[PDB]
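Below: the structure, in structure tokens.
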There are 18 protein chains.
Amino acid sequence: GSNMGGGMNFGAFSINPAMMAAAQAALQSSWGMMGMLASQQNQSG
Amino acid sequence: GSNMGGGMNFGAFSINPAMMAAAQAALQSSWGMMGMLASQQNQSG
Amino acid sequence: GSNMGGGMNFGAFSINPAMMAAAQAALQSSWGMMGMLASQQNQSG
Amino acid sequence: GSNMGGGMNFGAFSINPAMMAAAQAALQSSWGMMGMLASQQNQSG
Amino acid sequence: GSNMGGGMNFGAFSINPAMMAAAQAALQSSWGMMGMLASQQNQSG
Amino acid sequence: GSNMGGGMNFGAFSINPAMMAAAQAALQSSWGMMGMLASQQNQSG
Amino acid sequence: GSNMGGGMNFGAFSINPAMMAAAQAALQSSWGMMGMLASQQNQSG
Amino acid sequence: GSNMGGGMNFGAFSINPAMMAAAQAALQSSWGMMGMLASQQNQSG
Amino acid sequence: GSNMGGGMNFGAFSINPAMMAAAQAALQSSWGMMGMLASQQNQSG
Amino acid sequence: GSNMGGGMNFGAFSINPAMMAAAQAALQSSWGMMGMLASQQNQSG
Amino acid sequence: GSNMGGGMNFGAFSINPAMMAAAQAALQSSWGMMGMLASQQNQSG
Amino acid sequence: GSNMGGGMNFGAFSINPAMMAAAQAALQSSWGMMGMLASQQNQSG
Amino acid sequence: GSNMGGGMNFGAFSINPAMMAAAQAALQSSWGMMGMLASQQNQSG
Amino acid sequence: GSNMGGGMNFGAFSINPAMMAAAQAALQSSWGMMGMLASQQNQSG
Amino acid sequence: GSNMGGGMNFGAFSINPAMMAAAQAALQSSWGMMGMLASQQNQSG
Amino acid sequence: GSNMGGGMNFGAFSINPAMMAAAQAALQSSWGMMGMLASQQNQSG
Amino acid sequence: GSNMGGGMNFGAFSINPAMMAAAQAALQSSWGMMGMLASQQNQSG
Amino acid sequence: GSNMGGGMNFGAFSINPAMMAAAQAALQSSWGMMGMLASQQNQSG
């Protein structure tokens with residue numbers, strides 16, 4: 001169980017990610033102030 | 001069970017992601033202030 | 001069970017994602033202030 | 001069971017996603033202030 | 001169980017990541033002020 | 001169980017990572033003020 | 001004559017008082033955003 | 001004549017008082033964002 | 001005549017007082033963002 | 001006549017007082033961001 | 001007439017007073033960011 | 001007439017007073033960022 | 001062609017202009033939250 | 001063509017201009033949160 | 001073409017201009033949070 | 001073409017200009033948080 | 001083309017200019033947190 | 001083209017300019033945290 005502390009940002013975040021994912025399995029996520037992503041990908045051989 | 005603290009942002013976030021995903025499995029998500037995505041992708045071989 | 005804290009944003013978010021997903025399985029989502037997406041995609045081989 | 005905190009946004013969100021999804025399975029969603037999407041797509045091989 | 005302390009940022013973060021991931025398994029994530037990602041990927045040989 | 005202390009940054013962080021990962025297993029993450037990523041990848045031979 | 005300044009609260013107040021008063025004289029009051037109570041109780045001996 | 005300045009709270013106050021008063025004279029009050037209580041209790045001996 | 005300056009709080013106050021008062025005279029008050037209480041209790045001997 | 005200057009708090013105050021007062025005269029008060037209490041208690045012997 | 005200067009606190013105050021007062025005269029007060037208490041208690045012998 | 005200068009604290013004050021006062025006259029006060037208490041107690045013999 | 005950005009005010013504006021204009025040409029305007037006045041006055045000599 | 005950025009004010013503006021204009025040409029304007037005035041006055045000699 | 005950045009003010013602006021203009025040409029303007037005034041006055045001799 | 005960066009002020013600006021302009025050409029402007037004034041005055045001799 | 005960087009002020013600016021301009025050409029401007037004034041005055045002899 | 005770096009001031013600026021300008025051409029400007037003034041005045045002889 002992870003634990004994190006609260007934070008307030010009044011500043012001007014500018015994020016410019018650009019992505020291109022091609023794989024047997026691929027996931028892409030982009031977010032701003034807050035987010036929570038749990039992605040388990042099991043590929044059997 | 002994850003735990004996260006609350007946060008207030010008064011600043012001007014500018015996010016410019018751009019995406020293009022082509023894979024056997026592919027997922028794409030983009031969001032702003034808040035979000036929660038649980039994606040488990042199991043591809044058997 | 002995930003846990004997240006509340007947040008108030010008075011600032012001007014500008015998100016400009018652009019997407020194009022072509023895969024055996026593909027999902028696309030885009031959202032603003034709040035959202036919750038649970039996508040499990042199991043592709044058997 | 002996910003848990004999320006409430007948030008009030010008085011700011012001017014501008015989201016400009018643009019999408020084009022062509023795959024064996026494809027889903028597309030776009031939303032503004034709030035939303036909840038549960039999409040499980042199982043494609044047997 | 002991880003433990004983290006709260007932090008307030010009033011400064012102007014500018015992040016410019018750019019990504020391109022192609023592998024047997026691939027995941028991509030980008031975020032701004034806060035986030036929590038738990039991705040376990042087990043690929044059997 | 002890790003323990004970390006809280007920190008407030010008023011300064012202008014400018015991060016310019018650029019990435020390109022292609023491996024049997026690959027993960028990519030980029031973030032700004034705060035984040036927590038637990039990625040265990042076990043590839044059997 | 002008391003003087004007070006106006007205040008606007010957009011946040012989520014949660015008050016959980018619980019009371020049990022038994023005395024020769026007893027008064028109980030509970031209120032939310034605004035209120036004004038003038039209670040003078042003179043018990044002669 | 002008291003003088004007070006106005007204040008705006010956007011944050012999430014959580015007050016959890018719990019009370020139990022038994023005395024020759026007893027008064028109990030609980031309130032949230034604003035209030036004004038003038039209670040003079042004179043008990044002669 | 002008291003004089004006070006105005007203040008704005010965007011942070012998450014958490015007050016957890018708990019009380020139990022039993023005396024010849026007793027008063028109890030609990031409040032959140034703002035309040036003004038003038039209680040004069042004269043008990044003659 | 002007292003004079004005080006205005007103050008803005010964006011931080012997370014956590015106050016945990018706990019009280020129990022039993023005396024010939026007793027008063028109890030607890031408050032958060034702002035307050036003004038004038039209590040004169042004269043007990044003649 | 002007292003004079004005080006204004007102050008802004010963005011940090012996380014944590015106050016944990018705990019009290020128990022039993023005397024011929026007793027007063028108890030606890031407060032957070034701001035407050036003003038004038039208590040004159042004259043007990044004649 | 002006292003004179004004081006203004007001060008801004010961004011740091012994490014942690015105060016842990018604990019009190020227990022029993023006397024012919026007793027007063028107890030605890031506060032955080034700002035406060036002003038004028039208590040004159042005259043006990044004639 | 002002028003360009004201006006949108007703004008939301010929740011605060012208590014108090015404007016107390018007072019005017020008295022006597023000239024060969026004279027115009028007087030007073031307004032609150034929003035307004036747009038284009039007055040061209042050409043007086044030939 | 002002028003360009004301006006948007007701004008949100010939650011604070012208590014108090015403007016107390018007072019005016020008295022007597023000239024061959026005279027214009028007077030007073031406004032609060034927002035406004036746009038284009039006044040060209042050409043007086044030939 | 002001028003360019004300006006957006007700004008949010010939560011503080012208590014108090015402006016007390018007072019004016020009195022008497023000239024061959026005279027203009028007077030007073031404003032609060034935002035405004036844009038283009039006044040070209042050409043007086044030929 | 002001028003370029004300016006955005007700024008957020010939470011502090012209490014107090015401006016007390018006072019003006020009195022009498023000239024062949026005269027302009028007077030007073031403003032608070034933001035403004036943009038382009039005044040070209042050409043007086044031929 | 002001028003270039004300027006963004007700045008955030010949480011402190012209490014107190015400006016007390018006072019002006020009185022009488023000339024063949026005269027302009028007066030006073031402002032607080034932000035402003036942009038382009039005044040070209042050409043007086044031919 | 002001038003270039004300037006961003007700066008954040010949390011301190012209490014107190015500026016007390018006082019002006020009185022009488023000349024063939026005269027301009028007066030006073031400002032607080034930020035400003036940009038381009039005044040070219042060409043007086044032919």
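Each chain of the structure tokens is named A, B, ... in the order shown, its residues numbered from 1; ligands are numbered from 1 in display order.
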Please run DSSP on the backbone and report, as a ChimeraX atom specification, all residues within chain O that come out as strand (DSSP E). /O:14-15,25-30,36-37
Serialized selection, C-alpha atoms, as a CSV table (one decimal), in the first residue's frame:
```csv
chain,number,residue,atom,x,y,z
O,14,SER,CA,-6.7,49.1,-2.1
O,15,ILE,CA,-6.2,51.9,-4.7
O,25,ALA,CA,-7.0,68.4,-24.0
O,26,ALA,CA,-7.7,66.2,-20.9
O,27,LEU,CA,-8.6,62.5,-20.3
O,28,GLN,CA,-9.1,60.7,-17.0
O,29,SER,CA,-9.4,56.9,-16.5
O,30,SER,CA,-9.4,54.8,-13.3
O,36,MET,CA,-7.5,48.3,-22.0
O,37,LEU,CA,-7.5,52.1,-23.0
```
Quick one: everything within 7 Å of residue 33 in chain B, counting only C-alpha atoms, minus sequence neighbours fewer than 4 positions away in the same chain. Send it as a PyMOL selection string. (chain A and resi 32-34) or (chain C and resi 32-34)
Between chain L and chain Q, at 12 Å or less, what are the per-residue closest atom pairs and their distances in Å? Count only C-alpha atoms, order by chain and rising residue number, and return it as a tab-separated table.
```
residue	atom	partner	partner_atom	distance
L:6	CA	Q:12	CA	9.8
L:7	CA	Q:11	CA	10.0
L:8	CA	Q:11	CA	8.7
L:9	CA	Q:10	CA	11.9
L:10	CA	Q:10	CA	11.5
```
Could those selected residues go to a file with N, CA and C atoms, as a compact mmCIF listing (two decimals), in the first residue's frame?
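The file below, result.txt, is the result:
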```txt
# COMPACT_ATOMS: atom_id res chain seq x y z
N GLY L 6 5.97 42.12 10.28
CA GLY L 6 5.30 40.98 9.63
C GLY L 6 6.28 39.89 9.24
N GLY L 7 5.85 38.63 9.21
CA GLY L 7 6.72 37.50 8.87
C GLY L 7 5.97 36.43 8.11
N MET L 8 6.57 35.84 7.08
CA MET L 8 5.94 34.77 6.26
C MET L 8 6.69 33.46 6.51
N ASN L 9 6.00 32.40 6.92
CA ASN L 9 6.63 31.09 7.17
C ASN L 9 6.14 30.06 6.15
N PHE L 10 6.99 29.50 5.29
CA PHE L 10 6.60 28.44 4.33
C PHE L 10 6.96 27.06 4.89
```
For residue 39 in chain E, work out the shell of residues within 10 Å, counting only C-alpha atoms and skipping chain neighbours fewer than 4 positions away, then give it as JSON, numbers by chain. {"A": [37, 38, 39, 40, 41], "B": [39, 40], "E": [27], "F": [27, 37, 38, 39, 40, 41]}
Export of the given selection (N, CA and C atoms) as a PDB file, in the first residue's frame:
```
ATOM      1  N   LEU A  37      -2.635   5.241 -12.319  1.00  0.00           N
ATOM      2  CA  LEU A  37      -2.793   4.181 -13.363  1.00  0.00           C
ATOM      3  C   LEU A  37      -2.162   2.847 -12.943  1.00  0.00           C
ATOM      4  N   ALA A  38      -2.939   1.779 -12.768  1.00  0.00           N
ATOM      5  CA  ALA A  38      -2.405   0.444 -12.415  1.00  0.00           C
ATOM      6  C   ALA A  38      -2.527  -0.483 -13.624  1.00  0.00           C
ATOM      7  N   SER A  39      -1.461  -0.651 -14.415  1.00  0.00           N
ATOM      8  CA  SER A  39      -1.484  -1.505 -15.634  1.00  0.00           C
ATOM      9  C   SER A  39      -0.554  -2.709 -15.517  1.00  0.00           C
ATOM     10  N   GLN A  40      -1.099  -3.908 -15.312  1.00  0.00           N
ATOM     11  CA  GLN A  40      -0.304  -5.160 -15.257  1.00  0.00           C
ATOM     12  C   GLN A  40      -0.513  -5.847 -16.604  1.00  0.00           C
ATOM     13  N   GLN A  41       0.546  -6.063 -17.382  1.00  0.00           N
ATOM     14  CA  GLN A  41       0.440  -6.726 -18.702  1.00  0.00           C
ATOM     15  C   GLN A  41       1.300  -7.982 -18.699  1.00  0.00           C
TER      16      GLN A  41
ATOM     17  N   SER B  39      -5.925  -0.615 -16.264  1.00  0.00           N
ATOM     18  CA  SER B  39      -5.944  -1.441 -17.501  1.00  0.00           C
ATOM     19  C   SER B  39      -5.008  -2.642 -17.412  1.00  0.00           C
ATOM     20  N   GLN B  40      -5.545  -3.849 -17.233  1.00  0.00           N
ATOM     21  CA  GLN B  40      -4.743  -5.097 -17.207  1.00  0.00           C
ATOM     22  C   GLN B  40      -4.950  -5.755 -18.569  1.00  0.00           C
TER      23      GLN B  40
ATOM     24  N   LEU E  27       5.392   0.109 -22.289  1.00  0.00           N
ATOM     25  CA  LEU E  27       4.426   0.981 -21.578  1.00  0.00           C
ATOM     26  C   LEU E  27       4.997   2.382 -21.691  1.00  0.00           C
TER      27      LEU E  27
ATOM     28  N   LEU F  27       9.866  -0.123 -20.443  1.00  0.00           N
ATOM     29  CA  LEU F  27       8.903   0.771 -19.752  1.00  0.00           C
ATOM     30  C   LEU F  27       9.482   2.165 -19.895  1.00  0.00           C
ATOM     31  N   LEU F  37       6.348   5.315  -8.870  1.00  0.00           N
ATOM     32  CA  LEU F  37       6.180   4.211  -9.866  1.00  0.00           C
ATOM     33  C   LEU F  37       6.795   2.890  -9.387  1.00  0.00           C
ATOM     34  N   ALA F  38       6.007   1.841  -9.167  1.00  0.00           N
ATOM     35  CA  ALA F  38       6.525   0.515  -8.754  1.00  0.00           C
ATOM     36  C   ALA F  38       6.394  -0.462  -9.921  1.00  0.00           C
ATOM     37  N   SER F  39       7.460  -0.677 -10.702  1.00  0.00           N
ATOM     38  CA  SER F  39       7.430  -1.582 -11.882  1.00  0.00           C
ATOM     39  C   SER F  39       8.346  -2.790 -11.710  1.00  0.00           C
ATOM     40  N   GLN F  40       7.788  -3.973 -11.455  1.00  0.00           N
ATOM     41  CA  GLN F  40       8.569  -5.231 -11.343  1.00  0.00           C
ATOM     42  C   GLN F  40       8.355  -5.973 -12.659  1.00  0.00           C
ATOM     43  N   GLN F  41       9.413  -6.235 -13.424  1.00  0.00           N
ATOM     44  CA  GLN F  41       9.302  -6.955 -14.713  1.00  0.00           C
ATOM     45  C   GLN F  41      10.147  -8.219 -14.653  1.00  0.00           C
TER      46      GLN F  41
END
```
Can you tell me, as a PyMOL selection string, what residues are no more than 10 Å from residue 45 in chain P when counting only C-alpha atoms, ignoring any on the same chain fewer than 2 positions away? (chain N and resi 45) or (chain O and resi 43-45) or (chain P and resi 42-43) or (chain Q and resi 43-45) or (chain R and resi 43-45)
